[PDB]
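All Cβ positions, even for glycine, are placed from backbone atoms using ideal geometry, and neighbour counts span all protein chains on display. Bear in mind these aren't lab numbers, they're just calculated from the coordinates by the rules spelled out.
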């Protein structure tokens, strides 16, 4: 683990996370930036659609 | 001078060691009677 | 009322309020992330914690704590605390002691440590900041002990590891 963040490539954790990627908050562990950005700062993720195509889901269904 | 050789000062090997040890986290500090500092230099 | 921690989006296109699972949090990186940890680690706490762990658990976990407790002890005991385990100020060996080997490495550090200072006030783009800390963290290891992680070579001429501080202290 050391080598993972000693040079700074990987992430580390602090005071509190109440949410679980799948398991409770990691008091000190580290997670991939994509996942840290996804729930730590939130992750609104888009999905573009081909032109002239209708969807099977509503506004915010 | 036909005199009496002086007394030995800290061998550079001692000196050179303190520093080689300072060069790193390790901090080799020489101490006195009552645990206090002492100067090679 | 909300059920999870998150940002607010008062959408009136659906007459509903979605709270995105995004609350603030804190975390840092690299040598910096351990520097924080080390500073907060309340030896005493873990000392007591290990004390319990040590004499109560089966030999499998108690043994691990035991080896862990000495270090903790040592620090507290002697006094001189562990946060210093982090380099922030590299002490430069005197000029007459070394009339070359170690200098090439010293230059490296100096350079990157400096190219970095400049890369902070000019403009701070992340990918670069990190890529720079890396090299930097690598250099700081060089002058101390080369080989532990790859080996530094004076450009074309001799593929020979530059004698670092450690190499100068050990060996036959």
Determine whether the range A:37-58 contains at least one residue that is exposed (fewer than 10 other Cβ atoms within 10 Å of the Cβ) and at the interface with another protein chain (Cβ under 10 Å from one of its Cβ atoms). yes
Condition set loosely packed, with under 15 Cβ neighbours inside 10 Å and in a helix (DSSP H, G or I), scope the range A:1-13, selection nearest to the chain's Cα centre (by Cα): answer is A:4
Here is a check on your reading of the model: is residue B:28 surrounded by 11 or more Cβ atoms within 10 Å (Cβ to Cβ), in a loop (DSSP other than H, G, I, E, B) and in contact with a helix residue (DSSP H, G or I) (Cβ under 7 Å, 6 or more places away or on another chain)? yes
Those residues that are part of a loop (DSSP other than H, G, I, E, B) and surrounded by 10 or more Cβ atoms within 10 Å (Cβ to Cβ), I need them from the range B:1-20; list them, please. B:9, B:10, B:11
Matching residues in the range C:3-26 - criterion: being at the interface with chain A (Cβ under 7 Å from one of its Cβ atoms) and in contact with a strand residue (DSSP E or B) (Cβ under 6 Å, 6 or more places away or on another chain): C:6, C:7, C:18, C:20, C:22
Selection within the range A:14-24 - within 9 Å of another protein chain (Cβ to nearest Cβ) and within 14 Å of the chain's Cα centre (by Cα): A:17, A:18, A:19
Considering only the range C:46-68, I want to know if a residue exists there that is exposed (fewer than 13 other Cβ atoms within 10 Å of the Cβ) and closer than 25 Å to residue B:24 by Cβ. yes
Which condition number does residue C:90 fail, the rest of (1) away from chain A (no Cβ under 14 Å); (2) in contact with a helix residue (DSSP H, G or I) (Cβ under 6 Å, 6 or more places away or on another chain); (3) under 30 Å from residue C:40 (Cα atoms); (4) surrounded by 14 or more Cβ atoms within 10 Å (Cβ to Cβ) being met? (2)
